[PDB]
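Chemist: I would like the atomic coordinates for the input below:
(5 chains)
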Amino acid sequence: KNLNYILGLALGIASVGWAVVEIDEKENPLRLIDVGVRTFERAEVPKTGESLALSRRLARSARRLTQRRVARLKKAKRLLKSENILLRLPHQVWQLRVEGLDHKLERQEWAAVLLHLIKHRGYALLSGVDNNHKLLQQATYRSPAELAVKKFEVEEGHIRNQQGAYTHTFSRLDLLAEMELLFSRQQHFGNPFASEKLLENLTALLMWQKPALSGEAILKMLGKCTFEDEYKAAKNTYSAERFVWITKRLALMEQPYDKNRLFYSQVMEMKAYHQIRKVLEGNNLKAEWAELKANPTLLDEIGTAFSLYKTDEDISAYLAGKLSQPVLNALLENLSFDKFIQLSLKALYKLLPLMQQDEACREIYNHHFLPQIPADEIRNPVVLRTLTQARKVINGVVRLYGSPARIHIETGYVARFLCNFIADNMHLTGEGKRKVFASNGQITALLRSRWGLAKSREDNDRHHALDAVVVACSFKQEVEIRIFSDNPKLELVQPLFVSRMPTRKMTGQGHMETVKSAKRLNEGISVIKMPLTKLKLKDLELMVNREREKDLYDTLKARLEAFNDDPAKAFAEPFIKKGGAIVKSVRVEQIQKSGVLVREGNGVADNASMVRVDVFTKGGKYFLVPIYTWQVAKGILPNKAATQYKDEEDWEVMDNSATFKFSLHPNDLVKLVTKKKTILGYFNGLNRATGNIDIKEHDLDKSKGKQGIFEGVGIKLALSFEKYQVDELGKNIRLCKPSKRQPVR
Amino acid sequence: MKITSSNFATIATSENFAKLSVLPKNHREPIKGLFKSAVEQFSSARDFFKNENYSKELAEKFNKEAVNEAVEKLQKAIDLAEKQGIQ
DNA sequence: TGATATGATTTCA
DNA sequence: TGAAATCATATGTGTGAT
RNA sequence: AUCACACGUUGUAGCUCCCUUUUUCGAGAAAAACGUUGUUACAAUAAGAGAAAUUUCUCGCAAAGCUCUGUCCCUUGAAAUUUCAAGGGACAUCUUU
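Modeler: Numbers count the residues shown, from 1 in each chain, chains lettered A, B, ... in the order given. Please find the structure below.
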């Protein structure tokens, strides 16, 4: 019937266990029904240790910065074309900038220096800024450009910064003064194309910067709250700020004005009110602010006007008679309000006195399956993913066996939140007020060790099932056989199968960030400059100029041998070749037969992540067609398979004589049968060169393959290669059968 | 309807945004993107005064830009939605 | 500070 | 003489406000 | 979460150091191509999509999910082993975005 059981579960950074356990009327656990492990990703960047979303955040910030830089460059080009200046700009714009101070600057030169000013704006970093500003207070250095041509490229020889070294950084105001002085001299030097309107537009372009909006875009729209059905009240009104203040005897009403922010001494900041106070006391308008302090309604209309209108005329018309001319003019110079509270102005009027003296709103105006873990309340990503996989396992177990009786947590602000969520959001079939019971695994695991199963945790994922099986005490041979053995039926319900989370996402990094050259790609090699700081013997033997120019190669050999191959110490001093030139980076060849044509085809970068591989068969053979994220983005379905000793130019192409078997995403179950040995595992990766698949054992046993992965196992002579699939509980293992090659978009 | 500086907040409601969610993917995303962008550029059109790096005359010019361009961004989203079945 | 793509180099049928 | 394992090897970064 | 700055890398171009090749003048250099040190500027800085209309906006390395669309499984039933009805899932190329 509807079996009563204890769920149990064992949270983890990258693995959530579970163990269904039999119980009875007395709630003493019995022989477990079946167990399993749900392994997933670490939910963090494995190298850095930061959050997975942080890389996407930095990449999106870089994309936006590049887009806005090229956008402002296009606006500058539009302005220069409108003034008929742009109509291949000179590259010596620093010397041309210095020449702009004395003697008129020609059309193309002036355009080049103005566009350089637009692209490079300015403002470690601060130390260099202050140093350049202090050195800018001298008669000789009339401008940063003059500081760069007469002082930077004499002692250093390079104007722009290099490998950090922010001593050459300038200021936004310094370059603004450069542009102003250049316009002044050019008008003095009879330059027709130096209009003041151009100066104003270019100064606006140089100084414009998108505000740090942050927040949530949902809150910034004007709702209606459906209660009074008029509109939504502004967040920065007096009533709304009082709303969040009253909720968070009569002596406490004045207290928010008694101090700008509250602390432990007398324990929420009334930010808008104190902001208006500071703006009003900024001028000598103390007399008018005294009356505004008492009135709450006037502050309410000020808040609505500033958080609902943004143009000067709008607030001027909305608050014509409610405020005097000077107080209004001073109000519209430092105030900036946004966002809305969840209630309305009339609703706030009704509810504030009664809250002071949801209940006020009331008096004036599923369970079977655990719901989704709230993503907004939980901020840490790894616990979010762990709770997500935990609830997926919970839903699967409830679906398979019915509603549980009690749910216990072994942990492995987190356990408490999960306990509260399960207690207050899931039906459950317990007895009493102990529906959910988390506990510490240390004492429990010691008591379990008295039963003799300790010192068992290994890198294999089946050990994590013990943390969930221990739910019985918060026998040894039975659980040992059920979990560790791969065939409990022939030894003493089902073997434990680690159900790794299917990573069938079709998006990710298109290519590696290090971009190399594709000019000589048809030889299967790429040429990229690398600094002498990290140039070893092998990269020196891979130098492009080995036989072209011998003298540098031999001296580099001697210098590397002199300092015993340490590249940082060997070339910490400026290397001098024949002719007096300095050497910091040199082109070094690298074997690149596979990659992505990037930078509008100019460069090439290595592939970053395989999203899918299309398994095929052709006359008793087996073929693998790798699909990458950049191919998905480009809408390309490849038909060239992985073949050894040949490059992608000549690969055995799947034709009508080749029958599609299945498409493989990472972490999908596969069965491989060959003469040597058959094995069931998860597809982890395809080697594009050797054509082999690095299928990994489901539990990542260390005795099987390299640290768990059967690397380099081939399929070209496989008797049968089939794709398997499994539920999130490691149950119902079966043979899959795709019918059509689904496109990659 | 016709979006102006004053009535910007009366069309750019959350109700219209939640009513724009039933469009097909190829149309909903370009329209919801022009909707949020118009709100973001408009909701912070006075932030140019919170910083002392911009003069009042200069921050006035950036306020006109952050309003006139955000109204245009909202008009296109509504116009496209009117061309669609959302109207 | 680590998964991931993949290339050279052997070992096997 | 191809197919399969094996072992190596590189992989974007630092600064300052909101 | 958000906005900028400084690099770095790739392509191009200028100057610049050393240089392989083809010749010419006649050891040494003028010319041509390629490699390439340093330096500056420009273009790009994911691969790319969606909707309008020389250009604009949004999305584009993450998480969650079933409101919509899909590839399959699990149950159930109607019609000639097949097409379909309904419900429940795993996922996503689908939604928050």
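Chemist: can we go C-alpha only for contacts and neighbour counts from here?
Modeler: Will do.
Chemist: any idea how far RNA strand E is from whatever residue of chain B ends up closest to DNA strand C?
Modeler: Here the residue of chain B nearest DNA strand C is residue B:25; by Cα to the nearest atom of the strand that distance is 28.6 Å. Here residue B:25 is placed at a distance of 4 Å from RNA strand E (Cα to the nearest atom of the strand, to the nearest Å).
Chemist: equivalent analysis for residue A:387, please.
Modeler: For residue A:387, the distance to RNA strand E (Cα to the nearest atom of the strand) stands at 8 Å.
Chemist: next, the contact list for that residue, please.
Modeler: Residue A:387 makes contact with A:11, A:373, A:418, according to Cα atoms under 8 Å, 6 or more residues apart in numbering or on different chains.
Chemist: tell me the one among the residues you listed nearest to DNA strand C.
Modeler: Closest to DNA strand C out of those is residue A:11 (18.1 Å), distances taken as Cα to the nearest atom of the strand.
Chemist: pull the number of nearby residues for that closest one.
Modeler: As a burial measure, residue A:11 scores 23 neighbours (other Cα atoms under 10 Å in any protein chain shown).
Chemist: ok, it touching residue A:411?
Modeler: Yes. Under the criterion of Cα atoms under 8 Å, residue A:11 makes contact with residue A:411 at 5.3 Å.
Chemist: for residue 56, grab the count of nearby residues.
Modeler: Picked chain A for this. Residues lying near residue A:56 (other Cα under 10 Å) number 13.
Chemist: my question was about chain B, not that one.
Modeler: Residues within reach of residue B:56, counting by other Cα under 10 Å, total 14.
Chemist: host element of residue A:625?
Modeler: Using DSSP states H and E, residue A:625 sits within strand A:621-628.
Chemist: give me the next element, helix or strand, following that strand.
Modeler: Next element after strand A:621-628 (DSSP H and E): helix A:629-634.
Chemist: assign the most centrally placed residue in chain B to helix, strand or coil.
Modeler: With distances taken as Cα atoms, centre = their mean, residue B:38 lies nearest the centre of chain B, 2.1 Å away. Classification of residue B:38 using DSSP: H, G, I helix; E, B strand; the rest coil returns helix.
Chemist: now do it against residue A:303, distance only.
Modeler: According to Cα to Cα, to the nearest Å, residue B:38 and residue A:303 sit 21 Å apart.
Chemist: for residue A:6, phi and psi?
Modeler: The phi/psi pair for residue A:6 (degrees, to the nearest 10) reads phi -100, psi 130.
Chemist: what is it paired to in the beta sheet?
Modeler: Taking DSSP bridges as the rule, residue A:6 bridges to residue A:21, residue A:406.
Chemist: the residue of chain B found nearest DNA strand D sits in which helix or strand?
Modeler: Per Cα to the nearest atom of the strand, residue B:51 is where chain B lies closest to DNA strand D, at 6.3 Å. Using DSSP H and E, residue B:51 maps to neither a helix nor a strand.
Chemist: the residue nearest to the centre of chain B: what's it in contact with?
Modeler: Counted by Cα under 8 Å, 6+ apart, residue B:38 has contacts B:69-74.
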